[PDB]
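Q: Could you have a look at this structure, given as structure tokens, before my questions?
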Amino acid sequence: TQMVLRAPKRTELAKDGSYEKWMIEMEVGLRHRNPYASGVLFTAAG
Amino acid sequence: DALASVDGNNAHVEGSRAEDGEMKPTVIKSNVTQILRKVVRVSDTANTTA
Amino acid sequence: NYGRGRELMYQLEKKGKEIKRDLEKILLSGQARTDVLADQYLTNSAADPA
Amino acid sequence: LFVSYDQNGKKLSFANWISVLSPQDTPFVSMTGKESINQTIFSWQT
């Protein structure tokens with residue numbers, strides 16, 4: 001269940017002269033209810 | 001126009017003020033037309049014959 | 001331009017899609033931990049800015 | 001840097017809906033049957 005605190009927004013960045021900047025934000029987050037509930041299998045040859 | 005390449009691992013400080021980020025422009029793909037022609041010439045006697 | 005009425009919204013949609021892809025990639029990446037910028041979390045009372 | 005992680009409050013919220021389902025029923029061992037006795041030892045004949 002990927003939990004997003006800050007949804008994608010749109011704002012302006014620091015001074016940029018006449019560049020007319022734009023910036024989008026977010027907040028990375030992921031929760032795993034129980035570790036052994038999901039498994040992983042890496043690849044390897046003989 | 002395509003999008004950016006594989007992103008990720010671009011860890012940056014909150015107040016880093018990145019270098020305006022990157023991006024890629026578009027591309028123009030041009031072609032050309034072609035003319036197809038067909039001629040026909042028939043006499044009036046042959047146009048009237050049954 | 002011809003195929004673009006305005007560049008700002010175009011680049012904004014491009015960046016939205018790019019950040020979505022970046023998130024989906026980083027959430028399924030496999031790199032290791034690298035000493036998070038924290039200041040001895042779990043009683044990090046004495047922070048260390050600068 | 002100024003990570004700005006001071007936030008002496010530290011609400012420390014947690015998400016509801018644990019959604020735990022791991023069962024360990026083993027019914028057949030509860031259905032094989034049961035017989036009451038009155039001694040610590042039981043003997044049968046063959």
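Note on naming: chains are A, B, ... as they come in the structure tokens, residues start from 1 per chain, ligands start from 1 in the order shown.
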Neighbours of residue 16 (chain C) within 10 Å (only C-alpha atoms; same-chain residues fewer than 5 positions away dropped), as a VMD selection string?

A: (chain A and resid 8 to 9 24 to 25) or (chain C and resid 10 to 11 21 to 22)

Q: Would you pick out the contacts of region 10-25 of chain D at 10 Å or less, using only C-alpha atoms, so that residues sharing its chain but fewer than 3 positions from it are not included, and give the list as a CSV table (one decimal) with N, CA and C atoms, in the first residue's frame?

A:
```csv
chain,number,residue,atom,x,y,z
A,3,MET,N,1.7,4.8,0.3
A,3,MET,CA,1.0,5.9,1.0
A,3,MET,C,1.6,7.2,0.5
A,31,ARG,N,4.5,0.7,2.5
A,31,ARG,CA,4.4,-0.1,3.7
A,31,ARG,C,4.1,-1.5,3.3
A,33,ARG,N,2.9,-5.1,5.0
A,33,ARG,CA,2.2,-5.5,6.2
A,33,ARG,C,3.0,-6.5,7.0
A,34,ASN,N,3.6,-7.5,6.4
A,34,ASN,CA,4.4,-8.5,7.0
A,34,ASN,C,5.5,-9.0,6.1
A,37,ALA,N,5.3,-12.1,4.0
A,37,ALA,CA,4.1,-12.3,3.2
A,37,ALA,C,4.4,-12.2,1.7
D,5,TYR,N,14.0,18.3,10.5
D,5,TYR,CA,13.4,17.1,11.1
D,5,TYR,C,13.2,17.3,12.6
D,6,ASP,N,13.3,18.5,13.1
D,6,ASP,CA,13.2,18.7,14.6
D,6,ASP,C,11.8,18.2,15.1
D,7,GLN,N,10.8,18.9,14.7
D,7,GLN,CA,9.4,18.4,14.9
D,7,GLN,C,9.2,17.7,16.2
D,28,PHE,N,-8.9,-31.5,10.0
D,28,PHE,CA,-8.9,-32.9,10.1
D,28,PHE,C,-8.4,-33.5,11.4
D,29,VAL,N,-7.5,-32.8,12.0
D,29,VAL,CA,-7.0,-33.2,13.3
D,29,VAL,C,-8.0,-32.9,14.4
D,30,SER,N,-8.9,-32.0,14.1
D,30,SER,CA,-10.0,-31.7,15.0
D,30,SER,C,-11.3,-32.5,14.7
```

Q: Tell me, in Å to one decimal, how far CA of residue 24 (chain B) is from CA of residue 29 (chain A).

A: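 Taking CA of residue 24 (chain B) as the start and CA of residue 29 (chain A) as the end point, the length is 28.6 Å.
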
Q: Residues of chain A near chain C: apply a cut-off of 12 Å, count only C-alpha atoms, and supply the list as a compact mmCIF listing (two decimals) with N, CA and C atoms, in the first residue's frame.

A:
```
# COMPACT_ATOMS: atom_id res chain seq x y z
N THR A 1 0.87 -1.18 0.00
CA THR A 1 0.00 0.00 0.00
C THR A 1 0.91 1.23 0.00
N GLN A 2 1.11 1.80 -1.19
CA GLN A 2 1.93 2.99 -1.31
C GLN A 2 1.17 4.21 -0.80
N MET A 3 1.66 4.79 0.29
CA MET A 3 1.00 5.90 0.96
C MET A 3 1.62 7.21 0.50
N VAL A 4 0.80 8.08 -0.08
CA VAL A 4 1.25 9.36 -0.61
C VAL A 4 0.81 10.45 0.36
N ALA A 7 0.23 14.97 -2.45
CA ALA A 7 -0.14 14.65 -3.81
C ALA A 7 0.65 15.53 -4.79
N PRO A 8 0.71 15.14 -6.06
CA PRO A 8 1.44 15.95 -7.04
C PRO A 8 0.88 17.37 -7.11
N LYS A 9 1.75 18.34 -6.85
CA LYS A 9 1.40 19.76 -6.87
C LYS A 9 2.24 20.47 -7.92
N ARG A 10 2.02 21.78 -8.04
CA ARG A 10 2.73 22.62 -9.00
C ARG A 10 3.06 23.94 -8.33
N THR A 11 4.34 24.31 -8.34
CA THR A 11 4.79 25.53 -7.69
C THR A 11 5.96 26.11 -8.47
N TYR A 19 13.19 32.90 -16.51
CA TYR A 19 13.02 31.52 -16.96
C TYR A 19 11.60 31.01 -16.76
N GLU A 20 10.85 31.58 -15.81
CA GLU A 20 9.48 31.15 -15.53
C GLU A 20 9.46 29.66 -15.17
N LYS A 21 10.09 29.35 -14.04
CA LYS A 21 10.27 27.97 -13.64
C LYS A 21 8.94 27.35 -13.21
N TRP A 22 8.97 26.02 -13.06
CA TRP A 22 7.84 25.25 -12.56
C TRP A 22 8.39 23.97 -11.95
N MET A 23 7.70 23.48 -10.92
CA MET A 23 8.21 22.36 -10.14
C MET A 23 7.04 21.55 -9.61
N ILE A 24 7.22 20.23 -9.58
CA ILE A 24 6.20 19.33 -9.06
C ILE A 24 6.80 18.51 -7.92
N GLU A 25 6.00 18.27 -6.89
CA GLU A 25 6.44 17.63 -5.66
C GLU A 25 5.69 16.33 -5.44
N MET A 26 6.11 15.61 -4.41
CA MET A 26 5.53 14.32 -4.04
C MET A 26 6.16 13.89 -2.72
N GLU A 27 5.76 12.72 -2.24
CA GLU A 27 6.36 12.13 -1.05
C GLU A 27 6.34 10.62 -1.19
N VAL A 28 7.52 10.03 -1.30
CA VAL A 28 7.65 8.59 -1.50
C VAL A 28 7.31 7.87 -0.21
N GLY A 29 6.53 6.79 -0.32
CA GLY A 29 6.17 6.00 0.84
C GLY A 29 5.58 4.65 0.48
N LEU A 30 6.03 3.60 1.17
CA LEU A 30 5.54 2.26 0.92
C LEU A 30 5.58 1.46 2.22
N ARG A 31 4.52 0.71 2.47
CA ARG A 31 4.36 -0.05 3.70
C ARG A 31 4.14 -1.52 3.35
N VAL A 40 10.97 -13.06 -2.88
CA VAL A 40 11.80 -12.58 -3.98
C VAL A 40 12.71 -13.71 -4.44
N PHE A 42 15.96 -14.03 -6.96
CA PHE A 42 16.97 -13.46 -7.83
C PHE A 42 17.44 -14.51 -8.84
```

Q: For chain D against chain C, which residues fall within 7 Å using only C-alpha atoms, given as a count of residues only?

A: 3

Q: What residues in chain B have any atom no more than 10 Å from chain C when counting only C-alpha atoms, and can you write them as a ChimeraX atom specification?

A: /B:2-10,13,23

Q: The selected residues should be written to file as a PDB file, in the first residue's frame (atoms: N, CA and C atoms).

A:
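Below is the file again_13.pdb, written as the result:
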```pdb
ATOM      1  N   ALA B   2       9.666  11.623 -27.595  1.00  0.00           N
ATOM      2  CA  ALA B   2       9.758  10.605 -26.563  1.00  0.00           C
ATOM      3  C   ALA B   2       9.993  11.267 -25.211  1.00  0.00           C
ATOM      4  N   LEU B   3       9.882  10.465 -24.160  1.00  0.00           N
ATOM      5  CA  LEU B   3      10.042  10.943 -22.799  1.00  0.00           C
ATOM      6  C   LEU B   3      11.465  10.672 -22.316  1.00  0.00           C
ATOM      7  N   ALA B   4      11.734  11.062 -21.074  1.00  0.00           N
ATOM      8  CA  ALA B   4      13.060  10.891 -20.508  1.00  0.00           C
ATOM      9  C   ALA B   4      13.424   9.409 -20.440  1.00  0.00           C
ATOM     10  N   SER B   5      14.696   9.150 -20.156  1.00  0.00           N
ATOM     11  CA  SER B   5      15.197   7.788 -20.050  1.00  0.00           C
ATOM     12  C   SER B   5      14.854   7.228 -18.672  1.00  0.00           C
ATOM     13  N   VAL B   6      15.447   6.083 -18.332  1.00  0.00           N
ATOM     14  CA  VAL B   6      15.203   5.476 -17.029  1.00  0.00           C
ATOM     15  C   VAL B   6      15.574   6.472 -15.942  1.00  0.00           C
ATOM     16  N   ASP B   7      14.586   6.871 -15.147  1.00  0.00           N
ATOM     17  CA  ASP B   7      14.806   7.792 -14.045  1.00  0.00           C
ATOM     18  C   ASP B   7      15.160   7.000 -12.787  1.00  0.00           C
ATOM     19  N   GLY B   8      15.243   7.686 -11.655  1.00  0.00           N
ATOM     20  CA  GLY B   8      15.570   7.053 -10.397  1.00  0.00           C
ATOM     21  C   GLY B   8      17.023   7.266 -10.009  1.00  0.00           C
ATOM     22  N   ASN B   9      17.295   7.063  -8.722  1.00  0.00           N
ATOM     23  CA  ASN B   9      18.626   7.242  -8.149  1.00  0.00           C
ATOM     24  C   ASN B   9      19.096   8.690  -8.225  1.00  0.00           C
ATOM     25  N   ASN B  10      18.197   9.615  -8.551  1.00  0.00           N
ATOM     26  CA  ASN B  10      18.532  11.037  -8.602  1.00  0.00           C
ATOM     27  C   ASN B  10      18.307  11.697  -7.246  1.00  0.00           C
ATOM     28  N   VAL B  13      19.263  16.804  -2.178  1.00  0.00           N
ATOM     29  CA  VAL B  13      18.894  17.457  -0.931  1.00  0.00           C
ATOM     30  C   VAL B  13      17.609  18.249  -1.140  1.00  0.00           C
ATOM     31  N   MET B  23      15.716  17.482 -20.021  1.00  0.00           N
ATOM     32  CA  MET B  23      14.586  17.175 -20.891  1.00  0.00           C
ATOM     33  C   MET B  23      15.127  16.939 -22.294  1.00  0.00           C
TER      34      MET B  23
END
```

Q: Given only C-alpha atoms, how would the per-residue table for chain B near chain D read, listing every residue at most 10 Å away with its closest atom pair and distance in Å to one decimal, sorted by chain and number, as a tab-separated table?

A:
```
residue	atom	partner	partner_atom	distance
B:13	CA	D:1	CA	7.2
B:14	CA	D:3	CA	7.4
B:15	CA	D:1	CA	6.9
B:16	CA	D:1	CA	8.3
```

Q: Taking only chain B into account, list the residues labelled helix (DSSP H, G or I) by DSSP (computed from the backbone), as a list in words.

A: residues 44, 45, 46, 47 and 48 of chain B

Q: Please return, as a CSV table (one decimal) with N, CA and C atoms, in the first residue's frame, all residues of chain B lying within 10 Å of chain A when only C-alpha atoms are considered.

A:
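Listed below is the output, out_24.csv:
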```
chain,number,residue,atom,x,y,z
B,15,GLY,N,16.9,21.3,-0.2
B,15,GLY,CA,17.2,22.6,-0.6
B,15,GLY,C,18.3,22.6,-1.7
B,17,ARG,N,18.2,22.8,-5.0
B,17,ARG,CA,18.0,23.7,-6.1
B,17,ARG,C,18.7,23.1,-7.3
B,18,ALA,N,18.2,22.0,-7.8
B,18,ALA,CA,18.8,21.3,-8.9
B,18,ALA,C,19.0,22.2,-10.1
B,20,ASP,N,17.9,23.0,-12.9
B,20,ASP,CA,16.8,23.2,-13.7
B,20,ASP,C,16.3,21.9,-14.4
B,21,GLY,N,16.8,20.8,-13.9
B,21,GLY,CA,16.4,19.5,-14.5
B,21,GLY,C,16.8,19.4,-16.0
```

Q: Taking only C-alpha atoms into account, name the residue in A:6, A:36, A:12, A:17 that is nearest to chain D.

A: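 Under the stated criterion, the closest residue is A:36.
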